[PDB]
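Data from query.csv: CSV, C-alpha atoms and all ligand atoms
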chain,number,residue,atom,x,y,z
A,1,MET,CA,187.8,-137.0,-27.6
A,2,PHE,CA,188.6,-135.8,-24.1
A,3,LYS,CA,185.4,-134.4,-22.7
A,4,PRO,CA,185.2,-133.3,-19.0
A,5,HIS,CA,182.4,-133.4,-16.5
A,6,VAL,CA,180.2,-130.4,-16.5
A,7,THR,CA,178.4,-129.5,-13.4
A,8,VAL,CA,176.2,-126.7,-12.2
A,9,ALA,CA,175.8,-125.4,-8.6
A,10,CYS,CA,173.8,-122.7,-6.9
A,11,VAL,CA,174.5,-120.3,-4.1
A,12,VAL,CA,171.1,-119.7,-2.6
A,13,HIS,CA,170.9,-116.8,-0.1
A,14,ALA,CA,168.1,-115.5,2.1
A,15,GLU,CA,167.8,-114.1,5.5
A,16,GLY,CA,171.6,-114.0,5.8
A,17,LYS,CA,172.0,-117.7,5.3
A,18,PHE,CA,172.8,-120.1,2.5
A,19,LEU,CA,171.2,-123.3,1.5
A,20,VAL,CA,173.2,-126.4,1.7
A,21,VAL,CA,172.5,-130.1,0.9
A,22,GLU,CA,173.5,-132.9,3.2
A,23,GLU,CA,174.4,-136.1,1.3
A,24,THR,CA,175.8,-139.2,3.0
A,25,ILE,CA,178.8,-140.3,1.3
A,26,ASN,CA,180.2,-143.6,2.5
A,27,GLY,CA,179.1,-143.2,6.0
A,28,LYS,CA,179.6,-139.5,6.6
A,29,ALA,CA,177.2,-136.7,6.0
A,30,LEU,CA,178.7,-134.0,3.8
A,31,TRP,CA,177.5,-130.6,2.7
A,32,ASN,CA,177.4,-129.2,-0.8
A,33,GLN,CA,175.7,-126.5,-2.7
A,34,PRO,CA,172.8,-127.8,-4.7
A,35,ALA,CA,174.7,-129.0,-7.6
A,36,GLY,CA,174.5,-131.5,-10.5
A,37,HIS,CA,175.7,-132.7,-13.8
A,38,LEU,CA,174.7,-131.1,-17.0
A,39,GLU,CA,172.5,-133.4,-19.0
A,40,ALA,CA,172.0,-133.6,-22.7
A,41,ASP,CA,170.0,-131.1,-24.8
A,42,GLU,CA,170.0,-128.8,-21.8
A,43,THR,CA,171.1,-125.3,-21.1
A,44,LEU,CA,173.5,-124.7,-18.2
A,45,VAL,CA,170.9,-122.4,-16.7
A,46,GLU,CA,168.2,-124.9,-17.3
A,47,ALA,CA,170.4,-127.5,-15.7
A,48,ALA,CA,170.9,-125.4,-12.6
A,49,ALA,CA,167.2,-124.9,-12.2
A,50,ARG,CA,166.5,-128.6,-12.4
A,51,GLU,CA,169.3,-129.6,-10.0
A,52,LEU,CA,168.1,-127.0,-7.6
A,53,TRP,CA,164.6,-128.6,-7.9
A,54,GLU,CA,165.8,-132.1,-7.6
A,55,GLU,CA,168.0,-131.6,-4.7
A,56,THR,CA,165.8,-129.2,-2.7
A,57,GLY,CA,162.4,-128.9,-4.4
A,58,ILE,CA,162.7,-125.2,-4.8
A,59,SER,CA,161.3,-123.7,-8.0
A,60,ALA,CA,163.6,-120.8,-8.9
A,61,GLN,CA,165.6,-119.8,-12.0
A,62,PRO,CA,169.3,-118.9,-11.4
A,63,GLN,CA,169.7,-115.1,-11.3
A,64,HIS,CA,173.3,-114.4,-12.1
A,65,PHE,CA,176.5,-116.1,-12.9
A,66,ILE,CA,179.2,-115.9,-10.3
A,67,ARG,CA,182.0,-117.9,-11.8
A,68,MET,CA,183.3,-121.2,-13.2
A,69,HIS,CA,186.0,-123.3,-11.6
A,70,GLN,CA,187.8,-125.8,-13.5
A,71,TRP,CA,189.3,-128.4,-11.2
A,72,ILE,CA,190.3,-132.1,-10.7
A,73,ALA,CA,188.7,-134.2,-8.1
A,74,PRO,CA,190.7,-136.4,-5.7
A,75,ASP,CA,190.2,-139.4,-7.9
A,76,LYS,CA,191.4,-137.5,-11.0
A,77,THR,CA,187.8,-136.9,-12.4
A,78,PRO,CA,187.8,-133.5,-14.2
A,79,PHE,CA,185.1,-130.8,-13.7
A,80,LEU,CA,183.9,-127.5,-15.2
A,81,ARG,CA,181.7,-126.3,-12.4
A,82,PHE,CA,179.4,-123.4,-13.2
A,83,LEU,CA,178.3,-121.4,-10.2
A,84,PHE,CA,175.2,-119.3,-9.8
A,85,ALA,CA,173.5,-116.9,-7.4
A,86,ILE,CA,169.9,-116.8,-6.4
A,87,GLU,CA,168.6,-114.4,-3.8
A,88,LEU,CA,165.2,-114.8,-2.1
A,89,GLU,CA,163.3,-112.6,0.3
A,90,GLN,CA,162.9,-115.2,2.8
A,91,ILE,CA,163.8,-118.7,3.7
A,92,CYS,CA,161.3,-120.9,1.9
A,93,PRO,CA,160.3,-124.5,2.7
A,94,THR,CA,162.3,-127.3,1.1
A,95,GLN,CA,161.7,-130.9,0.1
A,96,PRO,CA,164.4,-132.8,-1.9
A,97,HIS,CA,163.1,-135.0,-4.7
A,98,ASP,CA,166.3,-136.9,-4.9
A,99,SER,CA,166.9,-140.0,-2.9
A,100,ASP,CA,170.6,-139.3,-2.3
A,101,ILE,CA,169.7,-136.1,-0.4
A,102,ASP,CA,169.3,-136.5,3.3
A,103,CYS,CA,168.2,-132.9,4.0
A,104,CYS,CA,168.6,-129.2,3.5
A,105,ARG,CA,170.0,-126.8,5.9
A,106,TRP,CA,170.1,-123.0,5.8
A,107,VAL,CA,173.4,-122.0,7.2
A,108,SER,CA,175.7,-119.0,7.8
A,109,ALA,CA,178.7,-118.2,5.6
A,110,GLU,CA,181.1,-118.8,8.5
A,111,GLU,CA,179.6,-122.1,9.2
A,112,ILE,CA,180.4,-123.2,5.7
A,113,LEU,CA,183.9,-121.8,5.8
A,114,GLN,CA,184.7,-123.5,9.2
A,115,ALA,CA,182.9,-126.7,8.4
A,116,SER,CA,184.9,-129.9,8.3
A,117,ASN,CA,182.4,-131.9,6.3
A,118,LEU,CA,182.2,-130.3,2.9
A,119,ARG,CA,181.9,-132.6,-0.1
A,120,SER,CA,184.8,-130.7,-1.6
A,121,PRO,CA,186.7,-127.5,-1.1
A,122,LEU,CA,184.7,-125.7,-3.9
A,123,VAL,CA,181.9,-125.5,-1.4
A,124,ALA,CA,183.6,-122.9,0.7
A,125,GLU,CA,185.3,-121.3,-2.2
A,126,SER,CA,181.9,-120.8,-3.5
A,127,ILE,CA,181.0,-118.8,-0.5
A,128,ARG,CA,184.2,-116.8,-0.9
A,129,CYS,CA,183.2,-115.9,-4.5
A,130,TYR,CA,179.7,-114.9,-3.5
A,131,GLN,CA,181.0,-112.7,-0.7
A,132,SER,CA,183.4,-110.9,-3.0
A,133,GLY,CA,180.3,-109.5,-4.7
A,134,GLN,CA,181.3,-111.0,-8.0
A,135,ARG,CA,178.3,-111.7,-10.2
A,136,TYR,CA,177.7,-111.4,-13.9
A,137,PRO,CA,174.9,-111.7,-16.3
A,138,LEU,CA,173.6,-115.2,-17.2
A,139,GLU,CA,174.2,-114.3,-20.8
A,140,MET,CA,178.0,-114.8,-20.1
A,141,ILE,CA,177.6,-118.6,-20.6
A,142,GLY,CA,174.4,-118.5,-22.6
A,143,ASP,CA,173.1,-120.6,-25.5
A,144,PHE,CA,173.3,-119.7,-29.2
A,145,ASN,CA,170.6,-120.5,-31.8
A,146,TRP,CA,169.2,-123.2,-29.5
A,147,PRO,CA,167.0,-125.7,-31.3
A,148,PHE,CA,164.6,-126.4,-28.5
A,149,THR,CA,162.0,-124.3,-26.7
A,150,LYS,CA,163.1,-122.6,-23.5
A,201,MN,MN,172.0,-134.2,-8.2
A,202,MN,MN,171.8,-135.2,-11.5

Reformat the file's structure so that it appears as structure tokens.
Amino acid sequence: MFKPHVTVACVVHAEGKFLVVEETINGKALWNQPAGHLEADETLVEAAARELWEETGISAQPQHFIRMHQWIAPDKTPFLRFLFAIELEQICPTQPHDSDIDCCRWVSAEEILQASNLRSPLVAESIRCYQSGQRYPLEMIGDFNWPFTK
């Protein structure tokens, strides 16, 4: 049965900047949203909150649903990437709990769109969706008669 990879990602915004994670991937440092795979017996939204925590060490629940992109990666690996928005009042400290993460930067929209080191083109598209003002309720992609405790 064809299954596809399912990932979650978060636009995090505060004081006019966005949070970005810097991973080194074979020798170069790239930027992504905080993003991750969805794991088993997990809610998308739950998954987004864990990947945020793991990649940045921020405790925050995703606040809205921006959009989902379905795309294929350069090596033909298929994705359903669920994108979310969180707003905070101010830039908050960060501390990744994942080894693969080198660091977090808080950066302007135009730095992300001009940047030549993005992990994929969805990283800038993401900022383009955010900026369109598109958001939705979390309930758009929510769970149904979930067996486990939230
Ligand atoms: Mn991760
Ligand atoms: Mn992960």

Distance of atom CA of residue 7 of chain A from atom CA of residue 50 of chain A, expressed in Å to one decimal place:
12.0 Å

Using all atoms listed in the file, I'd like a table of the residues in chain A that come within 6 Å of ligand MN 201 (chain A); for each, show the closest atom pair and its distance in Å rounded to one decimal, ordered by chain and ascending number, as CSV.
residue,atom,partner,partner_atom,distance
A:35,CA,A:MN201,MN,5.9
A:36,CA,A:MN201,MN,4.3
A:51,CA,A:MN201,MN,5.6
A:55,CA,A:MN201,MN,5.9

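Among the candidates A:99, A:117, A:132, A:145, the one nearest to ligand MN 202 (chain A) when counting all atoms listed in the file is A:99.
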
Got a sec to check which residues lie within 12 Å of ligand MN 202 (chain A), using all atoms listed in the file, and send them as a list in words?
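With all atoms listed in the file and a cut-off of 12 Å, ligand MN 202 (chain A) is contacted by residues 5, 6, 7, 8, 9, 34, 35, 36, 37, 38, 39, 40, 47, 48, 49, 50, 51, 52, 53, 54, 55, 97, 98, 99, 100 and 101 of chain A.
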
Which of these, A:83, A:14, A:123, A:129, has the shortest distance to residue 106 of chain A once you count all atoms listed in the file?
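Between A:83, A:14, A:123, A:129, the residue approaching residue 106 of chain A most closely is A:14.
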
Kindly give the distance, in Å, that separates atom CA of residue 62 of chain A and atom CA of residue 2 of chain A, rounded to a single decimal.
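Going from atom CA of residue 62 of chain A over to atom CA of residue 2 of chain A, I get 28.6 Å.
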